[PDB]
Amino acid sequence: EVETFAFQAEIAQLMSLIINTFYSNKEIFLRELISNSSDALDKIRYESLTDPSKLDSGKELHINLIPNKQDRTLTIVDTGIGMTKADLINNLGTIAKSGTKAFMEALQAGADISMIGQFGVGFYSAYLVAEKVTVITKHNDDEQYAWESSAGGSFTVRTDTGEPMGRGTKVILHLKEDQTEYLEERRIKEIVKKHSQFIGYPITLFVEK
Ligand SMILES: Brc1cnc(-n2cccn2)nc1
């Protein structure tokens with residue numbers, strides 16, 4: 016069963032802006048997504064200090080980077096707190112509404128896209144390089160869900176039936192045909208050693224057969 020939703024008007028506008036604006040420094044998407052995953056890991060770690068049973072769904076706190084040249088996908092896997100169905104449908108869009116509006120005022124005030132994470136909406140920078148984004152997430156207090164959107168004002172949420180994750184978030188970037196450089200090993204190594212050397216968790220780059 017798949018439910019389709021509409022993006023709240025403001026982030027429907029931000030996403031079209033990101034997709035349609037000619038902007039060459041597209042590599043900052045990896046910094047933001049890794050930065051988001053690091054925030055997700057910080058959250059589950061802080062909760063475990065007052066409740067070690069929260070790590071029963073997995074103790075390893077790390078981030079994995081998985082390119083796939085055949086499928087033309089770059090997957091980012093963290094073992095952070097994960098996300099609930101209310102997070103994917105309402106809660107985050109409500110916290111982001113002010114950041115989206117503020118980010119768009121700043122874009123006219125001279126600021127460029129690279130500062131998107133400063134407004135707490137850096138996840139949508141994925142659409143700089145991805146035509147479709149699929150998110151598999153698992154929170155301690157919810158089932159496993161699958162989130163997907165190809166921009167255009169709508170997204171879908173369904174109960175995932177594939178391989179269980181235990182706990183964490185998996186962001187699958189179905190890359191644009193001209194953005195395949197982000198599937199190359201030395202390119203990903205450069206972005207991580209230029210944008211995210213000071214992340215407090217291991218960042219493993221899965222290299223291909
Ligand atoms: Br899936 C998914 C959906 N929305 C978001 N955000 C909204 C504002 C900031 N992040 N993150 C992940």
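All residue numbers for the sequence shown refer to UniProt numbering, where the first residue is 16 and numbers rise by one. All C-beta atoms, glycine included, are put in the ideal place defined by N, C-alpha and C.
CB contact check: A117 to chain D, cutoff 7 Å: The displayed structure is made up of one protein chain only, and chain D is not part of it.
Cβ-Cβ distance between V144 and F44 below 7 Å: Sequence index remark: in the sequence shown, residue 144 carries index 129 (1-based). Sequence index remark: in the sequence shown, residue 44 carries index 29 (1-based). The answer is yes: Cβ separation under 7 Å.
Given 8 Å, three or more beta-carbon pairs between the segment 97-114 and the segment 187-207: no
C-beta contact flag for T149 and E163 at 7 Å: Residue numbering aside, residue 149 sits at position 134 when the sequence shown is read from its first letter. Residue numbering aside, residue 163 sits at position 148 when the sequence shown is read from its first letter. Result yes, Cβ atoms of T149 and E163 sit closer than 7 Å.
Runs of beta strand (DSSP E) wholly within the segment 68-128 (minimum 3 residues, chain order): 78-83, 88-93
Status (buried if at least 16 other CB within 10 Å, exposed otherwise) for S39: Taking the sequence shown and counting its residues from 1, the one referred to as residue 39 is at position 24. Exposed, since its Cβ has fewer than 16 Cβ neighbours within 10 Å.
Cβ contact (3+ pairs, closer than 8 Å) linking the segment 74-83 and the segment 108-120: no
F22 Cβ short of 6 Å to ligand 1 heavy atom set: Residue 22 sits at position 7 when you count from the first residue of the sequence shown. False, no ligand heavy atom lies under 6 Å from that Cβ.
Range of the contiguous beta strand (DSSP E) that encloses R173: If you number the sequence shown from 1, residue 173 lands on position 158. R173 -> beta strand (DSSP E) spans 169-174.
Cβ shell of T19 (< 8 Å), same chain only, five flanking positions each side left out: As a working mapping, residue 19 is identified with position 4 in the sequence shown. Here the set comprises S169, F170, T171.
Alpha-carbon to alpha-carbon, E146 and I33: On the sequence shown, residue 33 is found 18 positions in, with the first residue counted as 1. On the sequence shown, residue 146 is found 131 positions in, with the first residue counted as 1. Near 11 Å, if we compare the C-alpha coordinates of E146 and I33.
Proximity of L188 and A141 at Cβ, strictly below 7 Å: Position 173 of the sequence shown holds residue 188. Position 126 of the sequence shown holds residue 141. In contact: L188 and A141 (Cβ atoms closer than 7 Å).
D93 beta carbon less than 7 Å from that of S31: For the purposes of this step, residue 31 is taken as the residue at position 16 of the sequence shown. For the purposes of this step, residue 93 is taken as the residue at position 78 of the sequence shown. Not closer than 7 Å, so no.
Those residues which DSSP pairs with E18 across a bridge: As a working mapping, residue 18 is identified with position 3 in the sequence shown. Paired residue(s): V172.
Nearest-angstrom Cβ-Cβ length linking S50 and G137, presumed shorter than 8 Å: Here the question's residue 50 lines up with position 35 in the sequence shown. Here the question's residue 137 lines up with position 122 in the sequence shown. Confirmed, Cβ separation roughly 7 Å.
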